[PDB]
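J.:
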Amino acid sequence: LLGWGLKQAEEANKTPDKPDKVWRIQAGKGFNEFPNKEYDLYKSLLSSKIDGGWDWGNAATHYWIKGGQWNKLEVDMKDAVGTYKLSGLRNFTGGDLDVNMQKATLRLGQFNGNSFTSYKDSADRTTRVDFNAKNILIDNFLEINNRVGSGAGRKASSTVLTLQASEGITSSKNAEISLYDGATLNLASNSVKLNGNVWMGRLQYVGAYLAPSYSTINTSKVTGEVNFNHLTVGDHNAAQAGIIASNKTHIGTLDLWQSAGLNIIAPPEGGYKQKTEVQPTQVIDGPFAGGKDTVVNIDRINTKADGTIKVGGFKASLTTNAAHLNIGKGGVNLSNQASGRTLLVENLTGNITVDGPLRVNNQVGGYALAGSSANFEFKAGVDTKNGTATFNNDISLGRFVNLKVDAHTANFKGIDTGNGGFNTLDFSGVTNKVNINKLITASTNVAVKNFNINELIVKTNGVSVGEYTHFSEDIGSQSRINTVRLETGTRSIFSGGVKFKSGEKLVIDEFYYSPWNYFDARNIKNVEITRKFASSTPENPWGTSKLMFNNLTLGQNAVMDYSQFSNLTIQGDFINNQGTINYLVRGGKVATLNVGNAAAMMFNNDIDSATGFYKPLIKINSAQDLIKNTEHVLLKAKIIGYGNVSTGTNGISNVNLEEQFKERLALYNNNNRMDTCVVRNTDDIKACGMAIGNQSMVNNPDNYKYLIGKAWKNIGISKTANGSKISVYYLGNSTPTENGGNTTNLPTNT
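FYI, the numbering for the sequence shown is 27 to 299, 335 to 811, going by PDB author numbering.
Next comes the structure, spelled out in structure tokens:
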């Protein structure tokens, strides 16, 4: 209810105590010349002025200083050389030790653990236990502010432990450091490397699951290499731990609880530093920004999730104000009970670089039920709004898992959610871009305001409907997809598909049709295609494909493949730029193409040297069985508005609008152009006579000499190119005479 940011900021600025009977013990002669003796420190020195006892009410042991828990002692060695150990000081209430041991190796555990506790008196005192050794070498467990016995008797107040070596504070493998509700820990050596279970926050009493349970490991002075190995926050409560580190914190396995917080705080930029009565200035801290090179290399985040069921999740969280939060190859795990647990990997003023697989219940897919909506959550650069959330590993989300990223530029490498479905892939906090490299979706709730996803997969989702890709917010102006690839649905029902809600354009390069997956393109008015527009079954189309548009505008060189096997349904303005649309019959008849309001076009002298003519602007290929003497409606339209770079047509000239558009269309059948036959030599006369079925152009190419720098339009083939209809009237494959007529010239603008 208070929060850790108040608690540590009020406990860091305190006077220690006011104790009477300041005992002073100096280790005189005898100690300071045996460098390897392996002394004891309790029995040989400290037991003179530390008396044991028994508390009537839940005692195991009971230690204080002398005549109560309000008496300071001190030990002033400063030259005692050797190696010392505590080895069994349990339930030490005491108060105000400081064992000043220069050039003396400590060992704070051997065959038995240690404990440092206080009592909740009417004075509300701390302990302020200090040490000043050279190495420390913990080597067995230490419980700071533990429970004394079991519940009853006197309760435990706060404490402070300070370990101030000058060569390293290491630890052994089985040294469980477990600091509790009121405990802190200050370290000041170089290269802390705790290779054991650090346990911030624990059940202090037997059933109190609703304790606040704060803690602090203030490793502020550590000039070397902080290295945890196994950090574990919280146990059956809402623990809010905090580590004020020294801007380089490699840890190992992190094991949060369901409702466990973590406030890793990097240092600032320049580093740290009847009668009235005046309390001292209680300087408080706000959430500030870390320095430049502040790195927190947490390499595995698990979560222990069991217990009760609440109306939501429980929102495990960690909060870091460092300039980087690298998460390595261990990735993210999340245990899941019946309600969907929630992980909040927050960053205040930095970046997030996750390089691992987002697991849940310790597998990559991780299916979850409907009431279990697992909520991954990332906040990269909140208070400065210029932080990227780069996920350099190909993530994979199963069913009922809800990623949300609220950053500046959420880069990715691949998102794969088509396996599970029902995934809220939120991106609502994104400032500008979400640069996804690969996408797999079945029934998703994507909400991106601006992006460029250069690969897209439109999956189906069984036979049920109401399950679809849903871009449920505005797509904006700078949006882009560089590849859309629909895959084949299921027979007789449009199960899966893609629908939008808003936006104005999305520059697509390549697209694929599919049987029974609908590409609904609601409300977006400039759906642009730039290259090939094919089907996912490219040589054998079938089925239907609802391309339920509201506008499009196709640009340069983008070939289309429109048949009866793809009901391309336009409710808007099919506009074509210099793009070569291809057709096909699949049964001798051409499917019409419905332009909603206007098909206004504009071109140039799009001449090539492969043919000598212009590029064939609208082609009807694979019309080998095209029915002669029959109107085949190519497209039903309202305005065929031709243009070029001027109003006058055929490149740049003053020619009228529609009659030359019969020239730029082509009928490519029998593997050559049969509408016109554009000729620059004698070699293509062979294939031209193969196209029109005449041996007068096959056996002798020099029989017809009207075609050196010229061409000829085939009589018996008529087309419309006026302002209301384009229809092709294939009614004759007639043999052209040599010098009688029906001949055309070359453009020749090169």
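Positions of the beta carbon are idealized from the N, C-alpha and C atoms, including for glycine.
Do residue 579 and residue 555 have their CB atoms nearer than 8 Å?
T.: Working through the sequence shown from its first residue, we reach residue 579 at position 518. Working through the sequence shown from its first residue, we reach residue 555 at position 494. Against a cut-off of 8 Å, the Cβ pair of residue 555 and residue 579 comes out as a contact.
J.: Measuring only the C-alpha atoms, how far is residue 640 from residue 515?
T.: Translated into the one-based positions of the sequence shown, residue 640 becomes position 579. Translated into the one-based positions of the sequence shown, residue 515 becomes position 454. For residue 640 and residue 515, the distance between alpha carbons rounds to 22 Å.
J.: Identify the continuous beta strand (DSSP E) that holds residue 226 and give its terminal residues.
T.: If you number the sequence shown from 1, residue 226 lands on position 200. Per DSSP, residue 226 belongs to the beta strand (DSSP E) from 219 to 226.
J.: Output needed for residue 820: all residues of its chain with C-beta closer than 6 Å, excluding positions within five of it in sequence on either side, in chain order.
T.: No answer is possible for residue 820: it lies beyond the span of the chain, which begins at 27 and ends at 811.
J.: Pick helix, strand or coil for residue 702, following the three-state DSSP scheme.
T.: Residue 702 sits at position 641 when you count from the first residue of the sequence shown. Strand at residue 702.
J.: Grouping DSSP H, G and I as helix and E and B as strand, with all else coil, what is residue 722?
T.: Taking the sequence shown and counting its residues from 1, the one referred to as residue 722 is at position 661. Note: residue 722 maps to helix in three-state DSSP.
J.: From the DSSP secondary-structure annotation, give me the bridge partner or partners of residue 157.
T.: Taking the sequence shown and counting its residues from 1, the one referred to as residue 157 is at position 131. Per DSSP, 125, 189.
J.: Pop quiz: residue 275 and residue 252 are said to be a contact at Cβ under 8 Å. What is the actual Cβ separation, rounded to whole angstroms?
T.: Within the sequence shown, residue 275 is the residue found at index 249, counting from 1. Within the sequence shown, residue 252 is the residue found at index 226, counting from 1. Yes, residue 275 and residue 252 are in contact; Cβ-Cβ is about 5 Å, under 8 Å.
J.: Round the Cβ separation of residue 386 and residue 393 to the nearest angstrom and send it over; I've been treating them as touching at under 8 Å.
T.: Numbered from its first residue, the sequence shown carries residue 386 at position 325. Numbered from its first residue, the sequence shown carries residue 393 at position 332. At roughly 12 Å, the Cβ-Cβ gap does not stay under 8 Å, so residue 386 and residue 393 are not in contact.
J.: Does the Cβ-Cβ distance between residue 422 and residue 400 come in under 8 Å?
T.: As a working note, residue 422 is residue 361 in the sequence shown. As a working note, residue 400 is residue 339 in the sequence shown. It is not a contact, given that the beta carbons lie outside the stated cut-off.
J.: So, for residue 637: in the same chain, excluding its five sequence neighbours on each side, which residues have a beta-carbon less than 6 Å away from its beta-carbon?
T.: To locate residue 637, count along the sequence shown from 1; it is residue 576. Same-chain partners within the cutoff: 615, 662.
J.: Please work out which residues of its chain come closer than 6 Å, Cβ to Cβ, to residue 133, disregarding the five sequence neighbours upstream and downstream, and give them in chain order.
T.: Taking the sequence shown and counting its residues from 1, one reaches residue 133 at position 107. Excluding sequence neighbours, residue 133 sits near 111, 163, 165.
J.: So which of 192, 698, 463, 631 has the shortest CA-CA distance to residue 376?
T.: Working through the sequence shown from its first residue, we reach residue 376 at position 315. When only C-alpha atoms are compared, the closest one is 463.
J.: Can you list, in chain order, the residues of its chain whose CB lies under 6 Å from that of residue 698, leaving out five sequence neighbours each side?
T.: Here the question's residue 698 lines up with position 637 in the sequence shown. Excluding residues within five positions, the ones whose Cβ falls inside 6 Å are 656, 660.
J.: DSSP on residue 284, reduced to helix/strand/coil?
T.: If you number the sequence shown from 1, residue 284 lands on position 258. Looking at residue 284 - three-state DSSP - the assignment turns out to be coil, as it is neither helix nor strand.
J.: Quick test of your reading: residue 185 and residue 213, contact by CB under 8 Å. State the CB separation rounded to the nearest angstrom.
T.: The residue you call residue 185 lines up with position 159 of the sequence shown. The residue you call residue 213 lines up with position 187 of the sequence shown. At roughly 15 Å, the Cβ-Cβ gap does not stay under 8 Å, so residue 185 and residue 213 are not in contact.
J.: Kindly indicate the opening and closing residues of the beta strand (DSSP E) around residue 517.
T.: Residue numbering aside, residue 517 sits at position 456 when the sequence shown is read from its first letter. From DSSP, the beta strand (DSSP E) with residue 517 extends over 517 to 519.
J.: How big is the Cα-Cα spacing for residue 748 and residue 759?
T.: As a working mapping, residue 748 is identified with position 687 in the sequence shown. As a working mapping, residue 759 is identified with position 698 in the sequence shown. Roughly 7 Å separates the two Cα atoms.
J.: In three-state terms, what does DSSP make of residue 746?
T.: On the sequence shown, residue 746 is found 685 positions in, with the first residue counted as 1. Of the three classes helix, strand and coil, the one that applies to residue 746 here is helix, per DSSP.
J.: Can you tell me the Cβ-Cβ gap for residue 547 and residue 568, rounded? I've got them flagged as a contact below 8 Å.
T.: If you number the sequence shown from 1, residue 547 lands on position 486. If you number the sequence shown from 1, residue 568 lands on position 507. Actually they do not touch by this definition, with Cβ atoms about 18 Å apart.
J.: Nearest-angstrom Cα distance between residue 551 and residue 491?
T.: If you number the sequence shown from 1, residue 551 lands on position 490. If you number the sequence shown from 1, residue 491 lands on position 430. Those two C-alpha atoms are separated by around 35 Å.
J.: On the premise that residue 338 lies in contact with residue 352, defined as a C-beta separation below 8 Å, what is that separation, rounded to the nearest angstrom?
T.: Reading the sequence shown from its first residue, position 291 is the one you call residue 352. Reading the sequence shown from its first residue, position 277 is the one you call residue 338. Not a contact, Cβ separation roughly 39 Å.
J.: Under 6 Å Cβ to Cβ from residue 779, same chain only, skipping five residues before and after it: list those, please.
T.: Here the question's residue 779 lines up with position 718 in the sequence shown. Answer for residue 779: 790, listed in chain order.
J.: When the Cα atoms are used, what is the spatial distance from residue 763 to residue 603?
T.: The residue you call residue 763 lines up with position 702 of the sequence shown. The residue you call residue 603 lines up with position 542 of the sequence shown. Going from the Cα of residue 763 to the Cα of residue 603 covers about 45 Å.
J.: Might you give, ordered along the chain, the residues of its own chain that have their beta carbon closer than 7 Å to the beta carbon of residue 106, omitting 5 neighbours on each side?
T.: Residue numbering aside, residue 106 sits at position 80 when the sequence shown is read from its first letter. Around residue 106: 53, 57, 58, 127, 130.
J.: Evaluate the contact criterion for the segment 724 to 736 versus the segment 673 to 690: three or more CB pairs, one atom per stretch, below 8 Å.
T.: Touching, yes, given that three or more Cβ pairs across the two stretches are closer than 8 Å.
J.: Using only alpha-carbon positions, find the residue among 367, 727, 594, 289 that is nearest to residue 262.
T.: Translated into positions along the sequence shown, residue 262 becomes position 236. The shortest C-alpha separation from residue 262 is found at 367.
J.: Within its chain, find whatever has a CB closer than 7 Å to the CB of residue 425; leave out the 5 residues flanking it on each side and keep chain order.
T.: Position 364 of the sequence shown, counting from 1, holds the residue named residue 425. Cβ within range, chain order: 418, 457.
J.: Quick one: residues in its chain with C-beta nearer than 8 Å to the C-beta of residue 176, no 5 flanking neighbours on either side, listed in chain order?
T.: Translated into the one-based positions of the sequence shown, residue 176 becomes position 150. 84, 232.
J.: For the beta strand (DSSP E) that contains residue 34, what are its first and last residues?
T.: By one-based count along the sequence shown, residue 34 stands at place 8. No beta strand (DSSP E) contains residue 34, which is instead part of the alpha helix (DSSP H) from 30 to 37.
J.: Report back the beta-carbon spacing between residue 289 and residue 380 to the nearest angstrom; my notes put them in contact at under 8 Å.
T.: Here residue 289 is taken as the residue at index 263 of the sequence shown, counted from 1. Here residue 380 is taken as the residue at index 319 of the sequence shown, counted from 1. Correct: roughly 5 Å between the Cβ atoms.
J.: Identify which residue in 453, 459, 383, 431 has its Cα closest to the Cα of residue 444.
T.: Translated into the one-based positions of the sequence shown, residue 444 becomes position 383. Out of 453, 459, 383, 431, 383 has the C-alpha closest to the C-alpha of residue 444.
J.: Considering only residues of the same chain and omitting the five flanking positions on each side of residue 346, which have a CB-CB separation below 6 Å?
T.: As a position in the sequence shown, residue 346 is number 285, starting the count at 1. Contacts found: 35.
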